[PDB]
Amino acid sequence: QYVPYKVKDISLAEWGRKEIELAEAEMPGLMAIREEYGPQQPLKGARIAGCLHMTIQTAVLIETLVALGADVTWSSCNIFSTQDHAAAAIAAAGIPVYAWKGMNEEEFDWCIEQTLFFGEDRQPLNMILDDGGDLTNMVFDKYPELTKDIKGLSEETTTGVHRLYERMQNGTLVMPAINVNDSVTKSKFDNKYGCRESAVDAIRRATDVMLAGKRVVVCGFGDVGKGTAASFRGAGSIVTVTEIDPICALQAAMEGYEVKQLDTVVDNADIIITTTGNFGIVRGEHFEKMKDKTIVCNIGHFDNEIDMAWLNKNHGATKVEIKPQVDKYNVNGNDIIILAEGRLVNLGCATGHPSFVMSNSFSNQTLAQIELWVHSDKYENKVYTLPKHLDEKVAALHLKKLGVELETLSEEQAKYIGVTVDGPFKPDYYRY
């Protein structure tokens, strides 16, 4: 039977609403887009299923989509990332949301599947909004009959984008897709500066440990690794980076970090955090070398960066929960502290990124949903990014809140550098 929503505790809605109102003031881009596109109702007729961490920030995105005319259903893309008071507030607003903090895997799948059908009539979704690819996979692999009537999808994160390029190479991408991750105002702000805000936050809330003087190994120096390393360095930690990519490794050395193999530094590390989007970064052989009370955690999208299966099989019998999402294992006499069972730690042990940086990602997300819903016929079954002018517009919408003033080119200065006075200001290859 139809289930209108499912949340941990609907009585948390009042608290969630108070925090949503504060978040709105910190998300000027989303609120400006609400205001500019509200009158036009661009998303009228859309039935968007979203699969994205059910946080206070996501609530503002959800209510922006509704404000633009859409019908929306929602689930979280991680079992530990929902903020229960945010979910309760969205449920109390009449929006079908299926999400709570601490789901098991069967519940996680069940929540996604509820979002595919709208109302008692079970009307199918016609738009996909994804973070990591699990909703995309659910529809494409388990409900392929529905794709004929879905106009397109947007994908929010690096890991889900890679899965979309797997599908292109495999001939299994059956609709247009906009890669929101690689808007400049997403990748270079959310992935990097968002993790700078929220990585140390999660370690502090989980463990309360002193960070100054601790040796922190950051595995990876992509956008998440850059921000995560900066997070700990700004708290006084001594950060060593690992990398496979010689360009990213040289960047870390130029920023004043040592860059070593994990095997070189594992036996003296105080904290190890993975940022790679790969698998098998922290293995049984590494756990066997760690010193007592080493904290191990992951801020990449999936928990398989850390071999939790090995740890639970070999040392799970004497696992002790310190408190929820802070587990202590004993490996041959040395305690190992695992945060959020190896799941993305900033959302699992804290609240993820702050509202202001998520306003950039979610402004891109909203513009992508508009573009697909209105203009999907103009696109092939390939992966696209938003045009640079829209990327620039998203950034510009956040400047007044910060007291940032921009210069204005004269027409002659603009011609001198080969641009127009209203932009775009950079060639499409520019890397910022």
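When you see a residue number, it is the position in the sequence shown, counting from 1.
Between 252-260 and 72-80, it is 72-80 that carries the larger average Cα temperature factor according to the deposited entry. When the C-alpha B-factors of 327-335 and 162-170 are averaged, 162-170 comes out higher. In this entry, the residue among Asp149, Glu321, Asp182, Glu243 with the greatest C-alpha B factor is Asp149.
The residue among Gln365, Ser376, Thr64, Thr58 whose C-alpha carries the highest B-factor in the deposited model is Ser376. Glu285 sits in the middle third of its chain by CA B factor, as recorded in the PDB entry. Annotation for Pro387: CA B-factor lies in the middle third of the chain's modelled residues.
Among the modelled residues of its chain, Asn298 has a C-alpha B-factor that falls in the lowest third, as given in the PDB entry. Compared with the other modelled residues of the chain, the Cα B-factor recorded for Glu113 ranks in the highest third.
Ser11: CA B factor in the highest third of modelled residues in this chain (values from the PDB entry).
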